[PDB]
Amino acid sequence: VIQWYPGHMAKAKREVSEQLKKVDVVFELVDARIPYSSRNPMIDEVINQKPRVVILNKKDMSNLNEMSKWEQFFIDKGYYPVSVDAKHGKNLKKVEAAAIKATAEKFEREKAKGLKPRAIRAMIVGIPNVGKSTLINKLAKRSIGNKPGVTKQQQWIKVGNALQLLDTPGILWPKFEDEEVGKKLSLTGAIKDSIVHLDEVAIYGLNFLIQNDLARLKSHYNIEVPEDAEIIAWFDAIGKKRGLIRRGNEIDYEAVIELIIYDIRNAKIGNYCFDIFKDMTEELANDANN
Ligand SMILES: Nc1nc2c(ncn2[C@@H]2O[C@H](COP(=O)(O)OP(=O)(O)NP(=O)(O)O)[C@@H](O)[C@H]2O)c(=O)[nH]1
């Protein structure tokens, strides 16, 4: 859990840029469930045209078809997107491979200028909880000062044959300014942080599921709901079917809300990508020119 405040943000921007000076390529790590919404809002300014691998992590909890649209978008911006499951160690070879492709031009020009071949240097950057430390540990094949008061120095990790990975990620802040994006981040657990009302988060999730996977939502909770009912009816149906009640036979809404948020965060109902590319055309255009 990280506390952002005007100064701390400045600290992170500064420090991450400093680390970026040491590397040939940057791995922007995003959540495959929201490849666009889980990006730091100033990421391009911070990365500043550095060769970039965009890593859609938690592929195991998302939808491949939607992700592929996001991959196309990343390809169209000139990045090298790959998807991985850092936790269960799936597709990890792809990281080095993309790093090699991302820096192929740079090292060709170095080779032509007569420089000797060398390890590619990389770092990982992204908002919190996307799986940065998980990915680092999986790539190091080991868990990354042991004495109180003793400061750990940032070190290079040998990964594969051609890759050197900084063992410390650049941590940047999530998008703050948009309420829908807030709900997306809350649905994925990127922010388990207040002022975005949990009840509204659960309504957003239900409505997402009702629109994209109604059959699955119903079979999961074993409920059936009138199509012209308002959203409250769904809370009531689930609350009733799970027995989450209070004061006689009133619905314990706080409890149903928590169950919905949990089941969506932890992919109990299905594997979804909440960034629907075709629905985000205006948002994309707003960001696009800068
Ligand atoms: N199913 C699944 N879970 C993952 C995957 N990657 C990370 N997780 C889980 O996501 C949660 C956060 O992972 P973590 O590595 O701590 O995130 P982080 O980006 O390092 N946060 P920080 O900014 O503090 O470094 C953990 O519970 C982790 O097990 C993944 O690829 N698949």
Side-chain angles (χ1 to χ4, degrees), residues 1-5 8-20 23 26-43 46-47 52-64 66-68 70-71 81-96 98 122-144 151-152 154-155 157 159 165-176 184-193 261-275:
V1 194
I2 288 193
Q3 199 68 249
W4 299 104
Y5 39 87
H8 182 184
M9 288 167 68
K11 187 175 180 182
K13 193 177 187 176
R14 194 159 33 249
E15 277 172 359
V16 169
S17 294
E18 281 318 289
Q19 305 178 63
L20 285 171
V23 300
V26 51
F27 305 166
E28 181 183 0
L29 188 65
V30 302
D31 190 320
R33 294 170 297 172
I34 41 165
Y36 194 73
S37 293
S38 69
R39 298 180 86 200
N40 163 274
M42 296 203 111
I43 189 69
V46 178
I47 282 177
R52 189 187 320 198
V53 175
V54 172
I55 301 175
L56 295 73
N57 191 37
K58 309 180 174 176
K59 69 186 288 175
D60 58 304
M61 301 173 85
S62 191
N63 177 283
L64 301 181
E66 201 70 32
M67 284 167 55
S68 75
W70 288 110
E71 288 159 10
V82 299
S83 60
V84 303
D85 174 350
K87 176 176 192 152
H88 309 105
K90 305 296 171 191
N91 217 235
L92 293 190
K93 283 309 178 284
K94 279 289 177 293
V95 178
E96 171 170 34
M123 71 172 308
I124 284 155
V125 170
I127 68 166
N129 298 118
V130 293
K132 298 187 299 299
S133 60
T134 305
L135 176 59
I136 292 175
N137 290 344
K138 219 70 169 174
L139 292 173
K141 305 166 177 282
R142 72 178 176 281
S143 309
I144 303 312
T151 48
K152 200 211 166 303
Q154 289 190 6
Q155 311 211 327
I157 299 160
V159 178
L165 176 74
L166 201 50
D167 67 4
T168 304
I171 299 180
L172 293 181
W173 59 92
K175 295 176 177 189
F176 279 136
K184 283 174 177 189
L185 292 156
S186 179
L187 278 184
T188 57
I191 73 182
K192 302 181 193 188
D193 300 313
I261 297 285
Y262 174 88
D263 288 348
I264 296 183
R265 277 176 185 161
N266 296 286
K268 299 307 195 190
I269 302 172
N271 299 321
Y272 303 103
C273 181
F274 305 99
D275 279 335

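Along the sequence shown, residues carry numbers from 1. One-based numbering, in listed order, for ligands and for the atoms of each. Computed over heavy atoms, backbone and side chain alike; hydrogens, waters and symmetry mates excluded.
Under 4.0 Å is where a charged nitrogen must lie from a carboxylate oxygen, and between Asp275 and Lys184 at least one such pair does.
Listed by chain and number, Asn57, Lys58, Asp60, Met61, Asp85, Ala86, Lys87, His88, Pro128, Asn129, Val130, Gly131, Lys132, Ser133, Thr134, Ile171 each place a non-hydrogen atom less than 4.0 angstrom from ligand 1.
Below 30°, between 30° and 60°, or above 60°: for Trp173 and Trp4 the angle between ring planes is above 60°, a perpendicular geometry.
The closest donor-acceptor contact from the side chain of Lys175 to the backbone of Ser37 lies at 3.5 Å or more, if one exists at all. Judged purely by atom type and a 3.5 angstrom limit, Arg33 has no side-chain atom pairing as donor or acceptor with the backbone of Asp31.
Scanning for side chain to side chain contact (heavy atoms under 4.5 Å, CB included) contacts around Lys141 gives an empty result, with sequence neighbours left out.
Across all their heavy atoms, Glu71 and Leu56 have their closest contact at OE2-CD2, 4.0 Å.
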